[PDB]
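Only one structure is covered here, and it is reproduced in the block below.
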Protein chains: 18
Amino acid sequence: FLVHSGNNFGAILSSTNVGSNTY
Amino acid sequence: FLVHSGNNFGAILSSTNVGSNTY
Amino acid sequence: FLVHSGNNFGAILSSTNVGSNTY
Amino acid sequence: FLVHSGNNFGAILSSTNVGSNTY
Amino acid sequence: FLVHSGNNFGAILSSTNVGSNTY
Amino acid sequence: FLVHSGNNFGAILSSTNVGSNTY
Amino acid sequence: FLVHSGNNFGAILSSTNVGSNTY
Amino acid sequence: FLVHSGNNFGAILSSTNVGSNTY
Amino acid sequence: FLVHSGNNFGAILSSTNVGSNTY
Amino acid sequence: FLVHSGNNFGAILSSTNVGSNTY
Amino acid sequence: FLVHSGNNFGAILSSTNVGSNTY
Amino acid sequence: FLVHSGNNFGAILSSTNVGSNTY
Amino acid sequence: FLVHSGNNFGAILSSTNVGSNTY
Amino acid sequence: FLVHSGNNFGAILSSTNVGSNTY
Amino acid sequence: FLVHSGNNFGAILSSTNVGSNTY
Amino acid sequence: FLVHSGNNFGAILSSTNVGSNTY
Amino acid sequence: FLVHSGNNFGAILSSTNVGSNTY
Amino acid sequence: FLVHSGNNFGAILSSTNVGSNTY
């Protein structure tokens, strides 16, 4: 698994998920 | 598992999760 | 498991979790 | 398990958790 | 288990936990 | 278990815990 | 400006205003 | 500016205003 | 500016204003 | 500026204002 | 500036103002 | 500036102002 | 002999065996 | 012989065996 | 012989055996 | 012989055996 | 013979055997 | 013979056997 984020100026986000029964 | 974040100026976040029965 | 965060200027965060029955 | 945080200027945090029955 | 934090200027924190029945 | 903190200038903290029945 | 990201709402009943509102 | 990230609300009943509001 | 990150609210009843509010 | 990070609220009843408020 | 990090509130009833407030 | 870190409040009833307040 | 009379079940999720069983 | 009369169950989650059982 | 009369159960989570059982 | 009459259970979590049991 | 009449249980967590039991 | 009448239990946590038991 990998996530990464280069230089920005403003709002950013990552709600990435995995798995079952998240409900 | 890996996460990482380069230079920024402003709001950023990562709610990445994994696993079951999160409900 | 790994997390890491390079130079920034402002708000950042990581609510990354794993496991079951989080409810 | 590992966590780490390079030079910053401002607010940062990590609420990373693992385990079950967090409720 | 490991945690670590390099030079900063301002607010930082780590509420990382593990274990069950946290309630 | 390990925790550690390099040179800083300002507020930092670690509420890292482990174990059950924390309630 | 606002964000409403990443929510998981497992169950809701008889409720008002559970989401991002402004102005 | 605000964020509403990462919430898990397992159950809610008979409630008002459970999310990000402004101005 | 504010953040509402990482919350887990297991159960809530008959309540007002459980989330990030401003101005 | 404020943060509301990492909370776990297991159960709440008949309550007002359980989250980050400002101005 | 303030932080509201890491709280675990197991149970709450009939209460006011349990979280980070300012100005 | 203030912090509200690491609290565990097992049970609370009929209460006011249990968290970080300022100005 | 048994009876299962008069029930009102407002909401149910992810459940087993909510009704009259025997032998 | 048994009875299961008059119940009102407002909300239920992730549960086993909420009703009249015998032998 | 038993009775299970008149119950009001406002909310229930993650529970076993909340009702009339015998033999 | 037993009775389970008149109960009001406002909220319950993570519990076993909250009702009338016999033999 | 027994009775379980008139109870009001406002909140309960993580509990066993809160009701009328026999033989 | 026994009675369990009139109880008001405002809050209970992590408990065993709070009600009328016999034989």
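In the structure tokens, chains take letters A, B, ... by order of appearance, with residues numbered from 1 within each chain and ligands from 1 in the order shown.
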
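Superposing chain A on chain G by least squares over every C-alpha atom, paired in sequence order, leaves a C-alpha RMSD of 8.5 Å.
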
Could you give me, as a count of residues only, the residues within 10 Å of region 17-23 of chain D, counting only C-alpha atoms and dropping anything in the same chain fewer than 2 positions from it? 50

Practice prompt. Write out as a PyMOL selection string the residues lying within 9 Å of residue 1 (chain L), counting only C-alpha atoms and excluding same-chain residues fewer than 6 positions away.
Written response: (chain K and resi 1-3) or (chain L and resi 22)

Quiz item: Where does DSSP see strand (DSSP E) in chain K, if you list the residues as number ranges by chain?
Solution: K: 8-13

Just to be explicit: take each residue in the selection above, keep N, CA and C atoms, and write the result as a JSON list (two decimals), in the first residue's frame.
```json
[["chain", "number", "residue", "atom", "x", "y", "z"],
["K", 8, "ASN", "N", -10.64, 9.84, 25.04],
["K", 8, "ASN", "CA", -11.62, 8.77, 25.08],
["K", 8, "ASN", "C", -12.61, 9.09, 26.19],
["K", 9, "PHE", "N", -13.87, 9.28, 25.81],
["K", 9, "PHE", "CA", -14.97, 9.51, 26.73],
["K", 9, "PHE", "C", -15.88, 8.29, 26.70],
["K", 10, "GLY", "N", -15.81, 7.47, 27.75],
["K", 10, "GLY", "CA", -16.50, 6.19, 27.70],
["K", 10, "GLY", "C", -18.01, 6.34, 27.70],
["K", 11, "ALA", "N", -18.54, 7.16, 28.60],
["K", 11, "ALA", "CA", -19.97, 7.41, 28.63],
["K", 11, "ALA", "C", -20.23, 8.81, 29.16],
["K", 12, "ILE", "N", -21.26, 9.44, 28.61],
["K", 12, "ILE", "CA", -21.64, 10.78, 29.01],
["K", 12, "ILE", "C", -23.15, 10.90, 28.97],
["K", 13, "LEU", "N", -23.71, 11.58, 29.96],
["K", 13, "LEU", "CA", -25.14, 11.78, 30.05],
["K", 13, "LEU", "C", -25.46, 13.21, 30.44]]
```

(message) One number please: CA of residue 4 (chain G) to CA of residue 5 (chain I), in Å, one decimal.
(response)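 For CA of residue 4 (chain G) relative to CA of residue 5 (chain I), the distance reads 10.7 Å.
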